[PDB]
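What follows is a set of notes on a single structure, which appears directly below.
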Amino acid sequence: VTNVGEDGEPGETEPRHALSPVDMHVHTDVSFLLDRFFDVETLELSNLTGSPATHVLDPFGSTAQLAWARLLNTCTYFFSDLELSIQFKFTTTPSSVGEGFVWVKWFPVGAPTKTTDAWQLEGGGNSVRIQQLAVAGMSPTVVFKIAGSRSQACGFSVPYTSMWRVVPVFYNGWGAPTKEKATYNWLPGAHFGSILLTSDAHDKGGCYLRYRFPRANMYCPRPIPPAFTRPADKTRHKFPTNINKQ
Amino acid sequence: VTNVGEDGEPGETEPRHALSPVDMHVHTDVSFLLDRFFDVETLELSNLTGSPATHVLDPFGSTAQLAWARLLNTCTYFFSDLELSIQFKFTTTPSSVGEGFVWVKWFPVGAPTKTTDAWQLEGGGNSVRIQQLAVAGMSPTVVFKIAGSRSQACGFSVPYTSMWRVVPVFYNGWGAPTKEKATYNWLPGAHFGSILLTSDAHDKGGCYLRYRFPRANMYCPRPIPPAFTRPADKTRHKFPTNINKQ
Amino acid sequence: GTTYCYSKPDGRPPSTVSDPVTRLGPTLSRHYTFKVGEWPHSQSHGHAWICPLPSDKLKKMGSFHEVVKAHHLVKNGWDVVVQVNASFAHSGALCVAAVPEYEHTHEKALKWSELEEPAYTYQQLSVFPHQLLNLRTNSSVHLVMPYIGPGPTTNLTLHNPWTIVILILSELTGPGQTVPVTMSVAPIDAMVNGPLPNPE
Amino acid sequence: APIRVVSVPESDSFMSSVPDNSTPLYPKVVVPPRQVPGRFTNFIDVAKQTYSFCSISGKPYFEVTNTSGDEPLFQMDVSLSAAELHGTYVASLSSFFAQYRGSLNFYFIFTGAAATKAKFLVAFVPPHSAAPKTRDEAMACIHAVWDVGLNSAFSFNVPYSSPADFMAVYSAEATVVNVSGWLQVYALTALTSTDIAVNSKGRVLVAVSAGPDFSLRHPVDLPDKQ
Amino acid sequence: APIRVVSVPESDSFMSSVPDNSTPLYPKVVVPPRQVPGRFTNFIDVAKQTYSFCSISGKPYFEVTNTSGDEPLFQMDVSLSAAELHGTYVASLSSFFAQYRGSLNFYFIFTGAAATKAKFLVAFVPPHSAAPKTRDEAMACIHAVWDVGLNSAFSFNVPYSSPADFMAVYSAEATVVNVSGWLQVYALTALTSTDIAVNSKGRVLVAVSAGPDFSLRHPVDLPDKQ
Amino acid sequence: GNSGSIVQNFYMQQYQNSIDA
Amino acid sequence: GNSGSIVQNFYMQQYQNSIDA
Amino acid sequence: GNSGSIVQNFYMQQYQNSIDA
Amino acid sequence: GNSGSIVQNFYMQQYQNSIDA
Amino acid sequence: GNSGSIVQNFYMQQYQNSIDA
Ligand SMILES: CC(=O)N[C@H]1[C@H]([C@H](O)[C@H](O)CO)O[C@@](O[C@H]2[C@@H](O)[C@@H](CO)O[C@@H](O[C@H]3[C@H](O)[C@@H](O)[C@@H](O)O[C@@H]3CO)[C@@H]2O)(C(=O)O)C[C@@H]1O
Ligand SMILES: CC(=O)N[C@H]1[C@H]([C@H](O)[C@H](O)CO)O[C@@](O[C@H]2[C@@H](O)[C@@H](CO)O[C@@H](O[C@H]3[C@H](O)[C@@H](O)[C@@H](O)O[C@@H]3CO)[C@@H]2O)(C(=O)O)C[C@@H]1O
């Protein structure tokens, strides 16, 4: 009612010569917010021998206060490719590992799994056994050394493997006929596939997972979790910054 | 009066067949004088654990006899992008650090700040904790190793972040409603943003800040500070040089 | 003669307010005229009258004054004319200037006052938009400054961008009396934002 | 024939935001196509074309009773890190950044029964003084009048007023780019009702959409919860 | 398929003036526009289109009294690291470099009261001999005459005379490119005044603008204060 | 979105990433 | 001003630095 | 089949591999 | 005289060396 | 004879080897 200002008048609000543009919104571009490296996870290695476990690239669980945590929670359905950096930190005296040969293998959404030592390198007694799937072949293997290695890390790009045209970050259903608990918001292969780190370290070190999700596609906006306690009435939420009264 | 020479004549000066050009002034080009690396500052690191402090890229204070000190004092308002080099020097016996993994993170004009250990890498007991914001993500992280690292330095470019279309290197006003001391020539976010260096060194080392300011834009010339004591009457100011009586 | 502070004044309306904008007709931002001070025979060089515009003296613009009272921000230039009064038997000169974010003021901010500059400054004061008042030549310095500052407009209650320096170059040499300085500020291209409430 | 190369000083450093990508190790993957509706492109779109519901003492509405006068009914420090925003979309989206910019639209939906009527002065008070405390105090400022019983819902635009080309998504001890003012709804009259024993009060929901000129910048990582 | 490369000997060295830039880690930042007046481009411009005020015994002027003759009134070793320059813009700007080049303009503004008059011989004396000590000595050289009471201000151009394609911004124990000569103002007559009990002396300000052919080169870092 | 180098296509559009229908 | 290589544009004008309006 | 770079032809088609008739 | 590569102009003719009038 | 790269001419035909008349 009445609209454009100055007259005390009922529905009549005042004028607003709305703003110009700068930045063209671009930072809030879902594809851009997601194409960078995130420190998601931290895990330890496996000994070259034993009958070890594969690890799963599932950045959909969350709960850890991390920005990329939420954001993936912001949408119902997601699709993007993957990109890694694995860094391996030291947890003892760095002079313990002279070699430090690390085997890594990537497993695509839905690959077979049981592995036991099965490859045997020998030479001058002693002789090493690497893992049955640590080996090089079909799924990409990546071997790197950490011995003065100016950056104890390795890295690469890996495609959207799932058999699902998109991934439901939420699922009002079960992924199995047996409607068991655990099988709730599940639906199998709703992730990026898996990896196996294995080495004569394993002890002496932890890892550093890092994902970069290029080509981000987000479908169906969802409620965006608060992330901070509710401040008191009629007040602000004061925080420490690059600004502030010095 | 009279002008062009030879006649004793009053206002009449003599002739001057003014000079040619060479160098086209170009060195005094504000954009060029500023696009190089300056050793501005020197600071120490922070332990991977504790509840540390961010550092502020404010090259506007000055007082230190450094050329780039003045020059930034030569103008009222400034704008340029930033560029860094961080070198980390050793302050003990270089054989103390076998690893020397250093986490750095850059914070844009006006970012949140409280950080405590929050990321935990584990593997074979011991286990490391890095900083809550040392982690990789939104603001750029840079991790480098200093272990034989042929150049113990790292480096990168960072954009003009401030919310101010330009930065007042001088401010006849306050940046807060509470006209307190400290809040004088202040006005928040009148700088480049901040950084956090953190590592299993911290002790064993200092740092080496270096800025390069590309795209320099200087508005309103200001008085240019003298930099040397006032010499005696009718004399010169003799100095040591690449010339001089040998 | 008319000297411009960096550029003629723009009547552009603030790049940073979707908020409703009242422009000030001259008849509101009228003209104001006060006495700076009495340049005396003793005041050795390097002295000066700081006139940071407009504050301190803002209570006295009694009309322009009024609208800037009940309004959050303003963008405006300044037609300003400093007028020393002296005979042809006096000697000496000053240099009066408009300075961008001038500061030293021993935080007696936005209050006009008196100081003694460091020297490298009076020597280089002229590096700003200034004019010479030479007692054997003229008796008036005239300048016009435009809105200026980090923000596309500011709060005159917290920040004064423009500030007139009235510097003493050659001491007042001549008849025993003093030479009264004076100044007429009148706002150019005034523009306000956000009316504040009622003083109750 | 070998190329002549110099190893730039940072050479073996990592850096988590490289504008470039890593080496592929599983090529030739063609992906299945997706019809799946509502793929959003940019976060500002849902924030603009979407109303969030405010936060006051825990509920998303404010009350009018058959007794009120000039006591301000709704008040908020215009800052993203303000209270009455805490619950909302816009506010929470902005946590993902450093600087915000623009006007915000408020939607008040009076929800008292049709037998009921009332009026309010929604006003915006510029960040100077020390905050008004009565209608007759705010009235001198930007405000409009809402007679519930003309529109049962109304929109009000909290403008962007600042020397600040951008503003602070992460506010704190009052700075010059920390606050843009105060939103206040006051009670113009009180609750008139067919029968005051049934309808004695009214609940006006209050929602927040993002402003058309609204924008966000400089993505940031999360500090310690607080 | 890998390229064949040889690691040039300096490979992991730093070097602080690389003609090239570092790797970006925060792209897509669009900056707000700036109207803000008086953006200078090159430092020689303000130095040319701007007068600085000289330095003599602490003050920026020299005196004439009702008693003077040939005693030289103003004298300066033409070098940037000269005394009477110490305070000024041009001089201080040049500290930022190694070599200067060209003429400099001097502005003398006589400021004695209008009841007053006087004259001077401003002269420039070439860097050979051992410096003149009386007007009748300098007169044989480049100079003009200033009758204050024709112009109350006058300009005088100290030329560039040297086998030196460039000159020394940092002078010292007398070298061939260390000095270009001597500026001297002498008193042609003395102070005539309507009434000598009131006006007995006069103050001529003396300012220095940069020469049109003036230029600077080879940016340098600051040595120990001295 | 965020891929900005020139060498970003050092590898093919086919090899590098994934491809829709 | 002082950027003089060829590889100076290895990265984009958009990514590398900042951009005015 | 699986050779996808640009530099894959850094070496010649003649030198690199084998050649049929 | 003796500069013979292709990359010899990796840097500009302006930046690399000196320039006559 | 056996020179087969592309970078084989990284250096000039004049600088690299020898030249007949
Ligand atoms: C995938 C697989 O087959 N794994 C088997 C490994 C691999 O074949 C082996 O590591 C290839 O390098 O081999 C295993 O069996 C080997 C083991 O029994 C050793 C111990 O004597 O002998 C190996 O054969 C010898 C043979 O005895 C010699 O005559 C000579 O030919 O050399 C070979 C090997 O160099 C067996 O292949 C193993 O022990 O791990 C079985 C794994 O399942
Ligand atoms: C941002 C954040 O959440 N920081 C919290 C960290 C990180 O979640 C953690 O470093 C991720 O690697 O974790 C903190 O809490 C962990 C701590 O209590 C340890 C000690 O027992 O347990 C961790 O959970 C274990 C769990 O007990 C096991 O069952 C199994 O699942 O492994 C996990 C971890 O590998 C807690 O998450 C921490 O101690 O720093 C709390 C930080 O705030």
For the axis carrying chain G to chain J: nearest C-beta residue of G, whole Å: G:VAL7, 9
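How would B:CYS207, E:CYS141 line up from fewest to most surrounding beta-carbon atoms within 10 angstrom?
With the sparsest Cβ surroundings first, the list reads E:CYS141, B:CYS207.
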Quick calc, chain E, dipole around Cα centre from Cβ unit charges on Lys, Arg (+) and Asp, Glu (-), nearest 20 debye, gives 720 debye
Taking the alpha-carbon distance from D:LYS48 and a cut-off under 24 Å, which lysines remain once sequence neighbours fewer than 8 residues away in the same chain are dropped? D:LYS59, E:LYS28
Identify, for chain A, the residue whose C-beta comes nearest the rotation axis onto chain B, and round that distance to whole Å. A:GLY148, 5
Determine which chain E residue has its Cβ at minimum distance from the rotation axis mapping E onto D, giving the value in whole Å. E:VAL5, 5
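Give the percent of DSSP beta bridges with both residues in chain B that are antiparallel, rounded to the nearest 5. Let's see the in-between values first.
On the way: 37 of 38 bridges.
Of the beta bridges lying entirely in chain B, close to 95 percent run antiparallel.
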Mean residue ellipticity (222 nm) of chain A, computed from DSSP H runs ≥ 4 via -39,500 (n - 2.57), nearest 500: -500 deg cm²/dmol
Measuring nothing but label to label, 7 Å from Cα along Cα→Cβ, what are B:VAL22's distances to the other copies in nm, shortest first? 4.6
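Around C:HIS65, with a cut-off of 11 angstrom between Cβ atoms, what is the net charge of the other residues, counting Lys and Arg +1 and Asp and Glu -1?
Values: positive: C:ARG30, C:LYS57, C:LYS59, C:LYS60, C:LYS69; negative: C:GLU66.
My count for the surroundings of C:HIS65 gives +4.
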For the stretch D:1-148, what is the largest minus smallest coordinate of the Cα atoms on each principal axis, given in angstrom and ordered from greatest to least? 90, 44, 25
Count charges around C:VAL99 for me, please; just the other residues with Cβ under 13 Å from its Cβ, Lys/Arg as +1, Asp/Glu as -1. -2
Tell me the mean residue ellipticity at 222 nm calculated for chain D from its helices only (DSSP H runs of n ≥ 4, each -39500 (n - 2.57), averaged over every residue, nearest 500). -1500 deg cm²/dmol
Could you work out [θ]222 nm for chain C from helices alone, using -39500 (n - 2.57) per DSSP H run of at least four and dividing by all its residues? Round to the nearest 500 deg cm²/dmol. -1500 deg cm²/dmol
Shape call for chain A from the C-alpha gyration tensor, a ≥ b ≥ c root eigenvalues: rounded (a/c under 1.5), prolate (a/b greater than b/c) or oblate? prolate
Teacher prompt: B:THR93 distances to equivalent labels in other copies, 7 Å Cα→Cβ, nm: 1.3
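For Cα pairs less than 8 Å apart in space and 6+ apart in sequence, what is the mean separation divided by the residue count of chain A, i.e. the relative contact order in percent? Display every interim value, and only then the final one.
Working: 449 pairs, mean separation 86.7, N = 246.
Contact order relative to length: 35 percent.
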From the label point of B:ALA147, set 7 Å along Cα to the beta carbon, how far off in nm is each other copy's matching point, shortest first? 1.3
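Filter the cross-link list A:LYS234/D:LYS117; C:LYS111/D:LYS133; C:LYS8/C:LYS57 down to pairs whose alpha-carbon distance in this structure exceeds 29 Å. Present the calculation step by step, with values, prior to reporting the outcome.
On the way: A:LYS234/D:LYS117 27 Å; C:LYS111/D:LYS133 32 Å; C:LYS8/C:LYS57 24 Å.
Correct reply: C:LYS111/D:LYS133.
Please give the net charge around E:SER215, taking every other residue with its beta carbon less than 13 angstrom from that of E:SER215, where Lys and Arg add +1 and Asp and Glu add -1.
Working: positive: E:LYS48, E:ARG101, E:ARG217; negative: B:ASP23, B:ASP29, E:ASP45, E:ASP165, E:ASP213.
Taking every other residue near E:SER215 into account, the sum is -2.
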Using Cα positions and a limit of under 13 Å, work out the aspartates and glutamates in reach of B:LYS145, with same-chain residues fewer than 8 apart set aside. B:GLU99, B:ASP200, D:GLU10, D:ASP12
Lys/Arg Cβ at +1, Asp/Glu Cβ at -1, dipole of chain D taken about the Cα centre: which of D:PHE97, D:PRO33, D:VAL158 is farthest positive-ward? D:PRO33
Let me understand the protein assembly as shown better: what is its radius of gyration from the alpha carbons, and its Dmax, in angstrom? 36.6, 119
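With the contact rule set at Cα under 8 Å and sequence spacing of 6 or more, what percent relative contact order holds for the stretch E:139-226?
Details: 24 pairs, mean separation 13.2, N = 88.
RCO, the stretch E:139-226: 15 percent.
Note that we place each Cβ from the backbone using ideal geometry, even for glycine, and neighbour counts take in every protein chain shown. Read the figures in this text as sums done on the coordinates, not as results from a lab.
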